[PDB]
Amino acid sequence: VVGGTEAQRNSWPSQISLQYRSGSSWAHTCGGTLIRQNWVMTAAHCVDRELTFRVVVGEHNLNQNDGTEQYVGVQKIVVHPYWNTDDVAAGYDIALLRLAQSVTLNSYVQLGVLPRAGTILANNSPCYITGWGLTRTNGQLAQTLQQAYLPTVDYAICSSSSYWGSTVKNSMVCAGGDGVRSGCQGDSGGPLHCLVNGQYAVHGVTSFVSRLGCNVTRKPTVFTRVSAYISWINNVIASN
Ligand code: NA
């Protein structure tokens, strides 16, 4: 997250860190959203590589003992069948991870609330991106979970020529684009939390930024639109 602020420990309890084994340690690669006690929602592209993955819930600081973490293996990966790793602009950048154990819920560990199917936010709708991604373009991962206020940019504006053009689809949410704040590498797969009728819901799964940089004016961060995938989500969980 470029131009973020450190999140309070209990603001975003559905946020997880998806990590891969890296020698005798684990490295954060992507975000995710706890949606069942044994199911995480993430970006398909976060799991294109043939790695050993684990999920950390109740995680705040990647580099320090928070006293609140639970560490769980990924037992099953279900990627959207239409996902194509060479065509992220096509969409479908969503995957569900079934965890080897059911996590315990507390104030640091909660299910992410999802929008109703079909829900599209009005332009300029208030949202936060959260994650441990780079704090600057070509930068380093955050230690502490960050958040950045990223208002939505509607499909008509986001798919206009000075924004993302044909690259953005109606199956996606755009947010931000102010040249100051954004998603960056390592935020992928994590939530866009948007405030709708008094309640935050996870409307976005972080998918991509410009190749030119994370915080590039009129290249808002693009998210897979959760509300387009409600039946797919339910269908996967119900059969797994
Ligand atoms: Na920690």
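In this chain, numbering begins with 1 at the start of the sequence shown. Numbering of ligands and ligand atoms starts at 1, following listing order.
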**Item:** Pairs where residues 47-94 contributes a residue and the test ring pair (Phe, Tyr, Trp, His ring centres under 6.0 Å) is met, not counting sequence neighbours
**Value:** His80-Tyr92, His80-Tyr229, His80-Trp232, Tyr82-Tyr92

**Request:** Ignoring hydrogens and angles, state whether a donor on the side chain of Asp93 or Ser207 is under 3.5 Å from an acceptor on the partner side chain.
**Result:** yes

**Asked** Of all heavy-atom pairs between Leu96 and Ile35, which one has the smallest distance, and what is that distance?
**Response** CD2-CD1, 3.9 Å

**Asked** Is there side-chain contact between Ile16 and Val57, with heavy atoms separated by less than 4.5 Å?
**Response** yes

**Item:** Atoms of type N/O/S from protein, distance to the Na ion (ligand 1) below 3.0 Å
**Value:** 5

**Message:** Could you check whether any side-chain heavy atom of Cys174 comes within less than 4.5 Å of a side-chain heavy atom of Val168, counting everything from C-beta outward?
**Reply:** yes

**Side chains of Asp48 and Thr85, donor plus acceptor under 3.5 Å** = yes

